[PDB]
C-alpha cells in the first residue's frame, strides 16, 4: 500500500511541485509532497513554485499555489512509501543523501517509456508547457497503477 508519495527534482520549484499537485489531483485519497535534491545549496528553501509553473498548471486546472520548496533529506524519505524522481540521473544524487530509500525510489516517467522530464527553469513559458505535458501523461499512468 503506497499512501505517501514524494516527488523529487533538484530545486523543488518547477517539476517536482507540478508533479506533486498533478498526482495529488488524480489521487485525492493519497498524500503527495515534493522535495529538491539541491534546494538548500540553491538557496531555494521556502520559495514558491516558479510563476510559469503555477500559470501553466492553472491553465490545466491544477493548483500549484501555496508551495514551499524543501530540501530532500534521509528523514524526509523515511516518511514516504514511494519516491518518484524526475530524471534517472537524480537516483545517484538521492542514494548519496538517503541510501536506504533506493528500494522505494522510481522514475516519475516510469510508465511512459521511462522518460526523463526536462527542467524548464530559466526558459520561456513554452518549456514549462512541454514539462507539464510529460508530467501529466506520467502522472495519469501512475494513477492507473496505484
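Positions refer to the first chain, counted from 1.
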item: Mean C-alpha B-factor comparison - 96 to 104 and 83 to 91, higher one; value: 96 to 104
item: Modelled-residue ranking by C-alpha temperature factor, third containing residue 120; value: lowest
item: CA B-factor placement of residue 126, once the chain's modelled residues are sorted into thirds; value: highest
item: Residue 31 CA temperature factor, ranked by third within the chain; value: middle
item: Ranked C-alpha temperature factor of residue 70 among modelled chain residues, by third; value: middle
